[PDB]
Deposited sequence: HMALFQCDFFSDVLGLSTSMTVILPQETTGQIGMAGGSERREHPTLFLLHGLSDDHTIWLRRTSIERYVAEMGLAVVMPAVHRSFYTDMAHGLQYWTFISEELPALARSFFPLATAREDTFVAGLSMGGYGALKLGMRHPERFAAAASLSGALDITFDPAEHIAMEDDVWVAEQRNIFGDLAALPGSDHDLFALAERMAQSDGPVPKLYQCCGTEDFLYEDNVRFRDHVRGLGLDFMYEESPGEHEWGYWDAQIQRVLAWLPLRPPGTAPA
């Protein structure tokens, strides 16, 4: 059985009462941090997929937080959602629940915006994640007012620590352990062309990298199917 937790807690980093959904195996569980997309909250994975069922025999906890429309970024005009997602949230989840801390037992995945977030986490903090997966990700954040609120000076984005293309090259230069990477996209997604460009870039860097594509749009039926393939791929 999986136990389901709707958690209403305080974030000191955000200065905000907020929520997350956690599923735990019932008797230091390896943990998948599962990130939502643009306009989503912490409830969408549970509602629009059968994620709880898919993990049921894996001995795997899943943590599903909320980051509003932040692109997992410490916003130029907004709250500190990167510091939240990369530092405070995992700490809070580990303080509440019997979750692993070891890199080998820690994974991250997300769709769209959360695919960007997952790869950013894996590549900025390779020492914290064994695997990072993007589903139909917004993988090129280079460039309107909302984007400026998130990133600030848009012209400063290429080559920055926000730029997954540059982050991938930096991670590939590490000599320490780095996460395995997974990327998928539906071939009719508006983000498909960005995905192809990222794939062609990241696959030449000597990384442990898996790409998949098939018919699909920016749509939950596609992610319900694909998340099962991500789960099978996790180095659990």
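- Note: segments 28-41, 158-170, 264-271 of the deposited sequence have no C-alpha coordinates in the structure.
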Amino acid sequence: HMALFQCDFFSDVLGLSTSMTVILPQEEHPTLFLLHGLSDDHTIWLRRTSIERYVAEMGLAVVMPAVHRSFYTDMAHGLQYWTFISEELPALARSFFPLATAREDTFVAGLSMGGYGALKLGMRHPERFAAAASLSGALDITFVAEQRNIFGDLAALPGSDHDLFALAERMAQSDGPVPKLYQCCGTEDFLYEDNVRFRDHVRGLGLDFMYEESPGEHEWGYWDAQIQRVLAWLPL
From here on, numbers count along this sequence of modelled residues.
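- Just going by the entry, 166-174 versus 63-71 on mean CA temperature factor gives the higher value to 166-174.
- Higher mean CA B-factor, judged across 114-122 and 144-152 from the recorded values: 144-152.
- Within the group 190, 198, 45, 211, the record's highest C-alpha temperature factor is found at 190.
- Per the deposited record, the Cα B-factor of residue 41 falls in the lowest third when ranked against the other modelled residues of its chain.
- Sort the chain's modelled residues by C-alpha temperature factor and residue 138 lands in the lowest third, per the entry.
- Per the PDB record, residue ranking by Cα B-factor puts residue 34 in the lowest third of the chain.
- Per-chain ranking of the deposited C-alpha B factor places residue 129 in the highest third.
- Ranked against the other modelled residues of its chain, the C-alpha B-factor of residue 26 as given in the entry falls in the highest third.
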